[PDB]
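We just call them A, B, C, D, E and F in the order they show up, numbering each chain from 1.
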Amino acid sequence: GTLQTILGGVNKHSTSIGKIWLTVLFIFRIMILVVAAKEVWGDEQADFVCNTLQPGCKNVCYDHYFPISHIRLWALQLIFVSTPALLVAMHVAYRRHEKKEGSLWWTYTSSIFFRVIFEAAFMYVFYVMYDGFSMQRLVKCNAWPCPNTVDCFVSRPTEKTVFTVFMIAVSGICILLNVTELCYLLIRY
Amino acid sequence: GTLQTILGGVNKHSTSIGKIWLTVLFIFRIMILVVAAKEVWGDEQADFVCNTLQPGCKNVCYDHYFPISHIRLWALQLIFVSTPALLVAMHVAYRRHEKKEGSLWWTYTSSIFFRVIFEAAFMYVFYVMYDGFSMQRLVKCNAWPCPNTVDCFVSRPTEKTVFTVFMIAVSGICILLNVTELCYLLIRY
Amino acid sequence: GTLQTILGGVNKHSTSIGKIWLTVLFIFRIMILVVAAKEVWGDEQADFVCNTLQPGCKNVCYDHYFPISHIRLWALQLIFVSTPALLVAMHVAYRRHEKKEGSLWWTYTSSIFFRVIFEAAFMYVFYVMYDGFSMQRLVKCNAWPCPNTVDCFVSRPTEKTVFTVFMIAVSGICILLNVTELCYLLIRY
Amino acid sequence: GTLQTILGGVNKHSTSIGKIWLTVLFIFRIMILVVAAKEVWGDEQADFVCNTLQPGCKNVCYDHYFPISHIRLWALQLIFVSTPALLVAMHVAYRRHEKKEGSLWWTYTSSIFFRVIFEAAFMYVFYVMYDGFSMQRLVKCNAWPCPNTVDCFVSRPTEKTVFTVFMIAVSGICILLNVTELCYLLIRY
Amino acid sequence: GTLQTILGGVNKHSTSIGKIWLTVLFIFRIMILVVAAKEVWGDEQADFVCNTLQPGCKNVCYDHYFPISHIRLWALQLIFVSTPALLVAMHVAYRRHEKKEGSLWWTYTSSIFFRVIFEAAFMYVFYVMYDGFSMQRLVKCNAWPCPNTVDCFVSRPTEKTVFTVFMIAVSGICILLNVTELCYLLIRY
Amino acid sequence: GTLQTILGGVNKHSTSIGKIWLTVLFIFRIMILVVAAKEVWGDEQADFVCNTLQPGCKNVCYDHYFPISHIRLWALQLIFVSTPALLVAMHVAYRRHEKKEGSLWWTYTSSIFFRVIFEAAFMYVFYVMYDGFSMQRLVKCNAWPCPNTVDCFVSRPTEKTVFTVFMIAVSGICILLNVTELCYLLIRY
């Protein structure tokens, strides 16, 4: 509800690319995460099935191959890339209150520099942690107390792959948009 | 709550067909998806039953025949066909802010051109992926590790067929309405 | 929340019967569906029990006797009978905006004509599909793959019957109120 | 949210007893039903246990002894006793709109007459249907297909009894308050 | 949402202790009950485990030792201690409306007298019903149909004890604050 | 919704560090707890698995090693560290109402002194209760009625460790920010 009012405040005090394309893509990712993707991961552990009679083997194998869920990583990423925009708004509101270019410049050019770092950091984590963007149907697990190697089966691997590729692609576009914003301000000096 | 306020803003700045019929049908599809259809697909995997003792065969057979759920496809389709309208609103708000036909024409005629493409694209995906709009009671699955061929049974196939035909028919009507909007602007030049 | 504001807008621009009795009964049906009836049908398939060892027989028997749930039919009916009122509101708002009897007459008399058709259509569907308004405790099912004939037992048949009779009776009253509205406008010509 | 605004409108246009005590007790019953009582009846059928191996005996015994749940009866009762107050508000709003004692008297004295009837009707139903206000731990069921007589056990019988006595007592107080309101208007003539 | 607006209205028309400390502690208890304590009691019966093969013994033993849940008692207590404040607000609003010390005194001094009674009554009930504020891991049950004496095990006894002590301590503080409010008005006469 | 309005009121009447960094980190912790961390702990007891046939051993072992859940501790911590800010707001509103440095100084310097105490207290509790910030896959339990020593396995130990380190680190930063706020006011005297 009030989030729409927040967007209008953040909509102002930005450049053409920043006003429209960055904000639309940011809302785009939130909608995908909230209304569509969150129920795909609902039964991630409930429907995780292992071919064994060993008690506790299912708990350790799921924890080994999914140290942190994909949706939790995306939730953290959206929070981190949204804070520098929120910090600017409070700084401007604080600045206006005390009133009744250089300071504005350095705050703005720093905020879009942190967003690029955060986007690239989480994008790198997704790759190393899950060795690619495709989820497998079968995982082989040999952690204690599983005897030898145990076959375990993931829930909805194909649908999770579709949303993973979707979220990564949009994040890559947001990186390019922020990079161009730097170039526009770089040549203007 | 605030979504109603959003509709009023989008209600304005449109033509007779665009103001009323496109917006009503768009709200029509959202209501069907939210209040009625979403709980039909709630137990899609929980009540998926296969006649086998092989561990993991249920996971791979459901994933094979339902790579992405119908409700997730409709959620993606509604988001895509709604973005060009949202892009116009921010462009107009940006245009009005800087103020204090050709630009308006090209943005408007392009937005309704993207909606036709997105509607047809998702409509085509529904056909090829699910080979028609009727869901079967029985699916035969022979993917590893299922031994030979295994019979599996879908949950609520008839009710899902009813809502599938309903959503496809409304999407087809929206395509025709957008096509006529092009014709009205085509003859006017 | 905002739905209350919507009602006030729809409350105006109507006749004495239309202003009060039709709108109150419409809110009456929504309240019954939302706060009371929706949790009666919550375990419709989970608590559906069949006396058999055949895998998949439960899925096909429930689908055979309940092609579409009662609550989904009522949700569709309320949406259909509410659209003509919503179409009038946008037409009036569009008409007022362009400003700054015959047109108003034909739109109004048509809207209450569609409501009668939609109410009677869904009322007819409830009868033919479920052969009466009483739900049985026992259903006998012989669809493949059930061997011979299998006894299956419905969940909460009596409570569902009570709400079915309640919703049908209110719909019948709404039909009569709309018919009288036609008679008042018929004699006035 | 907006319900609080609704109360303020209904708070006005009433007498001293009607303004305060009837409205407070009405909010009192809603709070008990919503925040406290509704989760007591959550597992009414899930935790209903019968001592038998007969398939379907649990479904028919629960349906026999609980034709309609207590919380659904209270939800219906609150809706019925609230409509005459809502009808008056629309009548007054309609009356004021056309402007820009006898009519007001008959509408008001009729509304509080319907509330007494509805309160007594539902109170009578609670008694005959459930033969008293105390819920038993054990119910004996001999309906088909249960063999002979089967023992079944109710979930949370004591807590449900506490809330049943609570709701009945408050309803009895509301009857007395409405009766006195008639007496005050009866002597005044 | 609107509850915050309600607090502002109740915040005014009170004394220094009443304006701040009573209202803060009242909000304090609601937050504990809503956001923290309510999910502790979620599986109170689902995870209640008894060492027996007797059908129905689990139902009767849980009902015997938990006639009413702790969270339901706290929900009732908060509603009761909040009504006298709500009654004053409607009385003042009614008084102001008819306008366009003694009456105000007696209403105010009575309201804080009922709050002390309600706080002490529920505090006494918690003690006698549950014989102290510590919940045990093991309960021994011999009610029919349990054979002899059966061992049953409570879910999350330690966490429930922590929140029980927390709620009792805050209630005790609220009693003292109300008592001092009487003393301040007693000496002033 | 209204929480955003609350933040704006709390945003004012603070110092540079207090206005921005403390409030942003406070919102930061709430977002992590609400949208991300709360569903990690959803199946804490449901997926807790012990290698035994002893009834009731699972209940006592979970209760022994998790006397209070991590998310409940964080919920309590956020409530405690937020009350002194809320107390100041009501004091200022009360002060302004009666109007129509020393008092303001002592209230402000005390509020940030309580926040440091509460942050350190809960941080200490997390350490002693859970002997570090890393959660183990395996816990060995010998409480009655478990025979000898029983192996039990925790659900999602790695993901819970990640969020535990995250919440502790942010709390440590908030302690440092409050300490510096004291130093700024200490030198100014």
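The rule is short, and it goes like this: a residue touches a chain if its C-beta (ideal position, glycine included) is under 8 Å from a C-beta of that chain, and two chains touch if they have at least 3 such contacts.
If you want to know which protein each chain is, UniProt gives these names: A, B, C, D, E, F = Gap junction beta-2 protein.
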Check: Centre to centre, by mean C-alpha position, how many angstrom separate chain A (Gap junction beta-2 protein) and chain E (Gap junction beta-2 protein)?
Finding: 42
Check: With chain centres defined as C-alpha means, what is the inter-centre distance between chain A (Gap junction beta-2 protein) and chain D (Gap junction beta-2 protein) in Å?
Finding: 48
Margin query: I need the residues of chain F (Gap junction beta-2 protein) touching at least two other chains; which ones are they?
Written below: 1-2, 5
Next item on the list: Answer with line, ring, star, complete or other to describe the graph linking chains that touch.
Entry: ring
Next item on the list: Under the touch definition up top, go round the ring from chain A (Gap junction beta-2 protein) by way of chain F (Gap junction beta-2 protein) and list the chains.
Entry: A, F, E, D, C, B
Next item on the list: Using the touch definition up top, name the residues of chain B (Gap junction beta-2 protein) that touch chain A (Gap junction beta-2 protein) in the complex.
Entry: 1-2, 5-6, 45-46, 55-56, 58-60, 62-63, 66-69, 72, 75-76, 79, 83, 86-87, 90-91, 93-94, 97, 145
Margin query: Residue numbers of chain D (Gap junction beta-2 protein) touching chain E (Gap junction beta-2 protein) in their complex, please.
Written below: 1-5, 11-12, 16, 19-20, 23-24, 27-28, 31-32, 35-36, 40, 43, 47, 49-51, 137-138, 151-159, 162
